[PDB]
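Visitor: What follows is a single structure, and I will ask about it in a moment.
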Amino acid sequence: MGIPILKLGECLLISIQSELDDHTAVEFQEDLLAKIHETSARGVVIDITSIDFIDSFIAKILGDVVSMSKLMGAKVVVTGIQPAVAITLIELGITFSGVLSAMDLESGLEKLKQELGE
Amino acid sequence: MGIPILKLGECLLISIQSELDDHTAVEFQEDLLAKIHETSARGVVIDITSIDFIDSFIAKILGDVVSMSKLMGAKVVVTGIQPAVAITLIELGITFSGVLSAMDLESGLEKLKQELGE
Amino acid sequence: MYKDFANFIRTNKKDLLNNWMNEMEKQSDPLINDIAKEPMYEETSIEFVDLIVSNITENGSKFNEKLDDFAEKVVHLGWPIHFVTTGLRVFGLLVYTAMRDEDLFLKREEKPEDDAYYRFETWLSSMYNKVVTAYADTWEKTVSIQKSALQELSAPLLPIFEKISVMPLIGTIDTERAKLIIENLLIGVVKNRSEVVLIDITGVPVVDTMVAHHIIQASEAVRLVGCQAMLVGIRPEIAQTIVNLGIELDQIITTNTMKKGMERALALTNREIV
Amino acid sequence: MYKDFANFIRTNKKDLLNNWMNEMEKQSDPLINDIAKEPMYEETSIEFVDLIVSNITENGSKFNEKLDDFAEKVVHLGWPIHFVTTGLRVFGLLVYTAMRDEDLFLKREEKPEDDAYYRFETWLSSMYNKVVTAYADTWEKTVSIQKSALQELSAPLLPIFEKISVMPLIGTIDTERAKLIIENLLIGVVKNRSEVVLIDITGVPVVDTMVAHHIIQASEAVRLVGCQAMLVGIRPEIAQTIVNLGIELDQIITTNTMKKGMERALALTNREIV
Numbered sequence: 001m002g003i004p005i006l007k008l009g010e011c012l013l014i015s016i017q018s019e020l021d022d023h024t025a026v027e028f029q030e031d032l033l034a035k036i037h038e039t040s041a042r043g044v045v046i047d048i049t050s051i052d053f054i055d056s057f058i059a060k061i062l063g064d065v066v067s068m069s070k071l072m073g074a075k076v077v078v079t080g081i082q083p084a085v086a087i088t089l090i091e092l093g094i095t096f097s098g099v100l101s102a103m104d105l106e107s108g109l110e111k112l113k114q115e116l117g118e
Numbered sequence: 001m002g003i004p005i006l007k008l009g010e011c012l013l014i015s016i017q018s019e020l021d022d023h024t025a026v027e028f029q030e031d032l033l034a035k036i037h038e039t040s041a042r043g044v045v046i047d048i049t050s051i052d053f054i055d056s057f058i059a060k061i062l063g064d065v066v067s068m069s070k071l072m073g074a075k076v077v078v079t080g081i082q083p084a085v086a087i088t089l090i091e092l093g094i095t096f097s098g099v100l101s102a103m104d105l106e107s108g109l110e111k112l113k114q115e116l117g118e
Numbered sequence: 001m002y003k004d005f006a007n008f009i010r011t012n013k014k015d016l017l018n019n020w021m022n023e024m025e026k027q028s029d030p031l032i033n034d035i036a037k038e039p040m041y042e043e044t045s046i047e048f049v050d051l052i053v054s055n056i057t058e059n060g061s062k063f064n065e066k067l068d069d070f071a072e073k074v075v076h077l078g079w080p081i082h083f084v085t086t087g088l089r090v091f092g093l094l095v096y097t098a099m100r101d102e103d104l105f106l107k108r109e110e111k112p113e114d115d116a117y118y119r120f121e122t123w124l125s126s127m128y129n130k131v132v133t134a135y136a137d138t139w140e141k142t143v144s145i146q147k148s149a150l151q152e153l154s155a156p157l158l159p160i161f162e163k164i165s166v167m168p169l170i171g172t173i174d175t176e177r178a179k180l181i182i183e184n185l186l187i188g189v190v191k192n193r194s195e196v197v198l199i200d201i202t203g204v205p206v207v208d209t210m211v212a213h214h215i216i217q218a219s220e221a222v223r224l225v226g227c228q229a230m231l232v233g234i235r236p237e238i239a240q241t242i243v244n245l246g247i248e249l250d251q252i253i254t255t256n257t258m259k260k261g262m263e264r265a266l267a268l269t270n271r272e273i274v
Numbered sequence: 001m002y003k004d005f006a007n008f009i010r011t012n013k014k015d016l017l018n019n020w021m022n023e024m025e026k027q028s029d030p031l032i033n034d035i036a037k038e039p040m041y042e043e044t045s046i047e048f049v050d051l052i053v054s055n056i057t058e059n060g061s062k063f064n065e066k067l068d069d070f071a072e073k074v075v076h077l078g079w080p081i082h083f084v085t086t087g088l089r090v091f092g093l094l095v096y097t098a099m100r101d102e103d104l105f106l107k108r109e110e111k112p113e114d115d116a117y118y119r120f121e122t123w124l125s126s127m128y129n130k131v132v133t134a135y136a137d138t139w140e141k142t143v144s145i146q147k148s149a150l151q152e153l154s155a156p157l158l159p160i161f162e163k164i165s166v167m168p169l170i171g172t173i174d175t176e177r178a179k180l181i182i183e184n185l186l187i188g189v190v191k192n193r194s195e196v197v198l199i200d201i202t203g204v205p206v207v208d209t210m211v212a213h214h215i216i217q218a219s220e221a222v223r224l225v226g227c228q229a230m231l232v233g234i235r236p237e238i239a240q241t242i243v244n245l246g247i248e249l250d251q252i253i254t255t256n257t258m259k260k261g262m263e264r265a266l267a268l269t270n271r272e273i274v
């Protein structure tokens, strides 16, 4: 109801527009796990533009999600998180979080296309 | 007396068949150091096929020797450490421990040659 | 002294039949009626109780074989150990009523004392001991053989390709199963030559945290031996358990499908793709 | 009523201590002497035999759980059903001796008749019935779950390549396993598209004539669905049994090893060498 997974070009795109802690995290992550499981996708794309505030709970959840997807397929946090979000994430969720494409969604799309091309 | 270093093609080859704990560890480490010091050898290849019992002390000695040679010249401990002593090494000696070649000393030599030719 | 014992059982057979009639009323009466009819059950019971009393105080080899057959037949027919115990209890009850009416023992006398009284019960206890021994002779044997089948079907590395090895595991695994899996994978990879090893985790619904830790340790160990371990097809929940484990997860190369695992393996062995 | 039963158990505890001392002579003296010290077995036995009649003509739920725990503990500790029957027999021996000596029965009278004198034994038989029920339940549960595990682990078609399946089976397979294998193979080859199905025979030592016939029928049926079934890795005795089966054997394709079978499968898919 709030987790719009899209399918295109053997990839997955998710836009986050909820900014909530508990339900957002659990429903979003479980639905992505089910989707990437039953549908084989080499790359996943996660949008964080609308998000402007992250606590420890959500940072932990996104770390788990990225580790999980990497255990099942290539991943990018396509949209560069907000500066406050960035500092909050680095202060507690110390992870490289894979590779991203500087908050241009099509930049991440083409990065996945070129990594899939090889 | 029990550590037969060979020298071929600017490379070097050892072979262990004693599997003792203290004398072999010390003599191995310092003799290999002396031998690699006296001659400029690019790749030293250790042979641990015969050994079937490993404790913490021998694992630590082998790790130190691998790091030492890497500080002097790239090495490949070719022989796959036997599964029991393999897990014994990995439980406490948690390191990548150089490059290995699936017990095939021919494979180790050919990998050394291909990494040196470039 | 089984001679007069046999003579008294020759009369107690009818009492045993009446006891069976009484006992089919309480426990699973429709089931007992359906599985066995009255004449067949009566003849089986009398044949089971009259052959031993004809032996000379020790045993009967033919009776021992027939007792094993009767035990397995009643176990597989609808008379479990609980039903046999109820049958022994009602046997004792109706023999007690029979003596309280008949009063005919081994030693002929005006009124025999309690020595033969409890000799009867000791003989009945020995009969039931033989019955339960027959019941327990082979059940542990088939338990052992099914355990052997379960352990031998754990980690078949026999699936083998050209310089490629793959080990599919599908059943739910515990600590003993995990130890068997890692040992079998290691002994296989040290026996035959390979460059990569693909572990098919797809099939196992949920694993324990320690089990996933052992799987990661096995992957690292087989990497150490000199063979890359591509954990192929990890379910989301095992991924959850592995991530919450917190162990380092950079070396393990994973693909969600076995076909993608095969093509990745053929990519690693560069000239094997042709 | 169980109050006077407990009152007489107040000395039956020492009677049963002497009983356990007596029973140590015959069966498993060294094993029981080593694995279990006498004091713990004695205290467990006396608690089990005195807490049974500590309620009002019944047993407590806590004591019901304790009785189940005692039953499973004696079953898995070294006291099988035969040992439990010997325990019942020696119980009868020592309780009979005590009743002949002590002469303390349920009803308060100069000499109670046979009624309570056998109500004691009826309650002992019901005790044995509870013990054997706790014996049967969990054992049948674990046998069923093990059988299900063998059912799921019989013929795993999960190993899959690009448009090529492979179905490795090992261990000894009987007629029921043969039917399960053929059913699983058919449903799997229907579930996913695959031109070639490689079923591994290497692993099974001896195959019965009927099972070999089922295997040949399954191969021909898979051919009929539209998928070649190259029987791979036949053992010499199995091939001997198959030729003595007498059926025509020119339609199946054979291969000695999995790697060569996979090469042949890539050959059939004329473009899929790459």
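Residue numbers (full-length UniProt numbering), protein chains in the order written: chain B, 1 to 118; chain Z, 1 to 118; chain D, 1 to 274; chain Y, 1 to 274.
Just so you know, even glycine gets a beta-carbon here, dropped at the ideal spot from N, CA and C.
For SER148 of chain D and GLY203 of chain Y, I'd like the C-alpha separation in whole angstroms.
Guide: On the third sequence, position 148 is the one that residue 148 of chain D refers to. On the fourth sequence, position 203 is the one that residue 203 of chain Y refers to. Roughly 14 Å between the two C-alpha positions.
Visitor: Helix, strand or coil: which one does DSSP assign to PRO112 of chain Y?
Guide: As a position in the fourth sequence, residue 112 of chain Y is number 112, starting the count at 1. Three-state result, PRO112 of chain Y: coil.
Visitor: Work out the CA separation of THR39 of chain B and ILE58 of chain B for me, nearest whole Å.
Guide: For this step, residue 58 of chain B is matched to residue 58 along the first sequence. For this step, residue 39 of chain B is matched to residue 39 along the first sequence. C-alpha separation (whole angstroms): 25 Å.
Visitor: DSSP on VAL166 of chain D, reduced to helix/strand/coil?
Guide: Within the third sequence, the letter at position 166 stands for residue 166 of chain D. Reduced to three states, the DSSP call for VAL166 of chain D is strand.
Visitor: Among B:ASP47, B:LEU6, B:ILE5 and B:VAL66, which has the Cα closest to the Cα of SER101 of chain B?
Guide: Taking the first sequence and counting its residues from 1, the one referred to as residue 101 of chain B is at position 101. Checked all of B:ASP47, B:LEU6, B:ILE5 and B:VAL66; the closest Cα to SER101 of chain B is B:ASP47.
Visitor: Taking 8 Å as the CB-CB limit, is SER101 of chain Z close to chain D?
Guide: Taking the first residue of the second sequence as 1, we reach residue 101 of chain Z at position 101. It does: the Cβ of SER101 of chain Z has a partner Cβ on chain D nearer than 8 Å.
Visitor: Counting only C-beta atoms, is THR57 of chain D closer than 8 Å to chain Y at any point?
Guide: Taking the third sequence and counting its residues from 1, the one referred to as residue 57 of chain D is at position 57. No - not a single Cβ of chain Y is within 8 Å of the one on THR57 of chain D.
Visitor: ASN19 of chain D: buried (16+ other C-beta within 10 angstroms of its C-beta) or exposed?
Guide: Locating residue 19 of chain D in the third sequence gives position 19, counting from the first residue. By the 10 Å Cβ count, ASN19 of chain D comes out buried.
Visitor: According to DSSP, simplified to helix, strand and coil, what is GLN251 of chain Y?
Guide: Position 251 of the fourth sequence, counted from the first residue, corresponds to residue 251 of chain Y. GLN251 of chain Y: coil per DSSP, three-state reduction.
Visitor: Quick one, which residues of the UniProt domain "STAS" (154-269) of chain Y are near chain D if we go by CB-CB under 7 Å, in chain order?
Guide: Those residues of the UniProt domain "STAS" (154-269) of chain Y that come within reach of chain D (Cβ to Cβ, closer than 7 Å) are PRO156, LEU158, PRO159, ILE160, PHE161, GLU162, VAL166, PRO168, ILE170, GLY171, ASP200, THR202, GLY203, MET258, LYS259 and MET262.
Visitor: Consider the Cβ of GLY80 of chain Z: report whether some Cβ of chain D lies at a distance smaller than 8 Å.
Guide: Working through the second sequence from its first residue, we reach residue 80 of chain Z at position 80. Chain D, which has a Cβ nearer than 8 Å to the Cβ of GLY80 of chain Z, makes this yes.
Visitor: Just to confirm, are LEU12 of chain B and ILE36 of chain B a CB contact at a threshold of 8 Å?
Guide: In the first sequence, counting from the first residue as 1, residue 12 of chain B sits at position 12. In the first sequence, counting from the first residue as 1, residue 36 of chain B sits at position 36. Taking 8 Å as the Cβ cut-off, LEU12 of chain B and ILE36 of chain B qualify as a contacting pair.
Visitor: Is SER97 of chain Z close to chain D? Criterion is C-beta to C-beta, closer than 8 Å.
Guide: Residue numbering aside, residue 97 of chain Z sits at position 97 when the second sequence is read from its first letter. Yes, because at least one Cβ of chain D sits closer than 8 Å to the Cβ of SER97 of chain Z.
Visitor: Rounding to the nearest angstrom, what Cα-Cα distance links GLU42 of chain Y and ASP69 of chain Y in this structure?
Guide: As a first step, residue 42 of chain Y is located in the fourth sequence; it is residue number 42 there, counting from the start. As a first step, residue 69 of chain Y is located in the fourth sequence; it is residue number 69 there, counting from the start. Computed Cα separation, rounded: 16 Å.
Visitor: Looking at the structure shown, is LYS147 of chain D part of a helix, part of a strand, or coil, going by DSSP?
Guide: Working through the third sequence from its first residue, we reach residue 147 of chain D at position 147. It is helical.
Visitor: Is the separation between the beta-carbon of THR122 of chain Y and that of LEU16 of chain D shorter than 8 Å?
Guide: As a working note, residue 122 of chain Y is residue 122 in the fourth sequence. As a working note, residue 16 of chain D is residue 16 in the third sequence. No; because the gap between Cβ atoms is not below 8 Å, this pair is not in contact.
Visitor: Just checking: is the beta-carbon of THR138 of chain Y within a distance shorter than 8 Å of some beta-carbon in chain D?
Guide: Your numbering for residue 138 of chain Y matches position 138 in the fourth sequence. No - not a single Cβ of chain D is within 8 Å of the one on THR138 of chain Y.
Visitor: Here's the rule: buried if 16 or more other CB atoms are within 10 angstroms of the residue's CB, otherwise exposed. What is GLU23 of chain Y?
Guide: As a first step, residue 23 of chain Y is located in the fourth sequence; it is residue number 23 there, counting from the start. Counting Cβ neighbours within 10 Å, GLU23 of chain Y comes out buried, since at least 16 surround it.
Visitor: Compute the distance between the beta-carbons of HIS214 of chain D and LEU245 of chain D, then report whether it is under 8 Å.
Guide: Looking up residue 214 of chain D in the third sequence gives position 214. Looking up residue 245 of chain D in the third sequence gives position 245. Against a cut-off of 8 Å, the Cβ pair of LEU245 of chain D and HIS214 of chain D comes out as no contact.
Visitor: Go to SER15 of chain B, then tell me how far its beta strand (DSSP E) extends in each direction, as first and last residue.
Guide: If you number the first sequence from 1, residue 15 of chain B lands on position 15. Where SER15 of chain B is concerned, the enclosing beta strand (DSSP E) stretches over 11-15.
Visitor: Below 8 Å on the Cβ atoms is my contact criterion, and I expect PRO205 of chain Y with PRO168 of chain D to pass it. Report the Cβ-Cβ distance as a whole number of Å.
Guide: Taking the fourth sequence and counting its residues from 1, one reaches residue 205 of chain Y at position 205. Taking the third sequence and counting its residues from 1, one reaches residue 168 of chain D at position 168. About 21 Å separates the two Cβ atoms, so there is no contact after all.
Visitor: Whole-angstrom Cβ separation of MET99 of chain Y and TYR128 of chain Y, contact assumed at under 8 Å?
Guide: Along the fourth sequence, one-based indexing puts residue 99 of chain Y at 99. Along the fourth sequence, one-based indexing puts residue 128 of chain Y at 128. The pair is not a contact, with the Cβ atoms about 19 Å apart (cut-off 8 Å).
Visitor: Taking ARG177 of chain D as the reference, give the member of D:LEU198, D:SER154 and D:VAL190 with the closest Cα.
Guide: Looking up residue 177 of chain D in the third sequence gives position 177. It is D:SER154 whose Cα lies nearest to the Cα of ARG177 of chain D.
Visitor: Are there 16 or more other CB atoms within 10 angstroms of the CB of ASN33 of chain D, so buried, or fewer, so exposed?
Guide: Along the third sequence, one-based indexing puts residue 33 of chain D at 33. The residue is exposed, with fewer than 16 neighbouring Cβ atoms inside 10 Å.
Visitor: Please report the residue range of the alpha helix (DSSP H) in which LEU109 of chain Z lies.
Guide: Here residue 109 of chain Z is taken as the residue at index 109 of the second sequence, counted from 1. Note, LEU109 of chain Z: alpha helix (DSSP H), 105-117.
Visitor: Mind checking whether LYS60 of chain Z and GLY9 of chain Z have CB atoms under 8 Å apart?
Guide: Counting from one through the second sequence, the residue named residue 60 of chain Z turns up at place 60. Counting from one through the second sequence, the residue named residue 9 of chain Z turns up at place 9. Against a cut-off of 8 Å, the Cβ pair of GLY9 of chain Z and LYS60 of chain Z comes out as no contact.
Visitor: Can you tell me which of B:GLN114, B:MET1, B:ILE16 and B:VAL26 puts its alpha carbon nearest to the alpha carbon of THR79 of chain B?
Guide: Walking along the first sequence from the start, residue 79 of chain B turns up at place 79. Nearest of B:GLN114, B:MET1, B:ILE16 and B:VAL26 to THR79 of chain B, Cα basis: B:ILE16.
Visitor: If you reduce the DSSP assignment to three classes, tell me which class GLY203 of chain D lands in.
Guide: As a first step, residue 203 of chain D must be located in the third sequence, where it is residue number 203. Note: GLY203 of chain D maps to coil in three-state DSSP.
Visitor: Measuring CB to CB, does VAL196 of chain Y end up less than 8 Å from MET230 of chain Y?
Guide: For the purposes of this step, residue 196 of chain Y is identified with residue 196 of the fourth sequence, where counting begins at 1. For the purposes of this step, residue 230 of chain Y is identified with residue 230 of the fourth sequence, where counting begins at 1. Contact: yes.
Visitor: Using DSSP with H/G/I as helix, E/B as strand and the rest coil, what is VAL66 of chain B?
Guide: Locating residue 66 of chain B in the first sequence gives position 66, where the first residue counts as 1. Three-state DSSP puts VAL66 of chain B in a helix.
Visitor: Distance check for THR255 of chain D and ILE170 of chain Y, CA to CA, integer angstroms please.
Guide: Position 170 of the fourth sequence holds residue 170 of chain Y. Position 255 of the third sequence holds residue 255 of chain D. Looking at the two C-alpha atoms, the distance is approximately 26 Å.
Visitor: Using CA atoms only, rank isn't needed, just tell me which of Z:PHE96, Z:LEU112 and Z:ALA25 is closest to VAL225 of chain D.
Guide: Against the third sequence, residue 225 of chain D aligns to sequence position 225. Checking every option, the nearest Cα to that of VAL225 of chain D belongs to Z:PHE96.
Visitor: Between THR44 of chain D and chain Y, is the shortest Cβ-Cβ distance under 8 Å, so that the two count as touching?
Guide: Translated into the one-based positions of the third sequence, residue 44 of chain D becomes position 44. So no, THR44 of chain D is outside the interface.
Visitor: Less than 8 Å between CB atoms is the rule here; does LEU104 of chain D satisfy it with respect to chain Y?
Guide: Taking the third sequence and counting its residues from 1, one reaches residue 104 of chain D at position 104. Closer than 8 Å: no.
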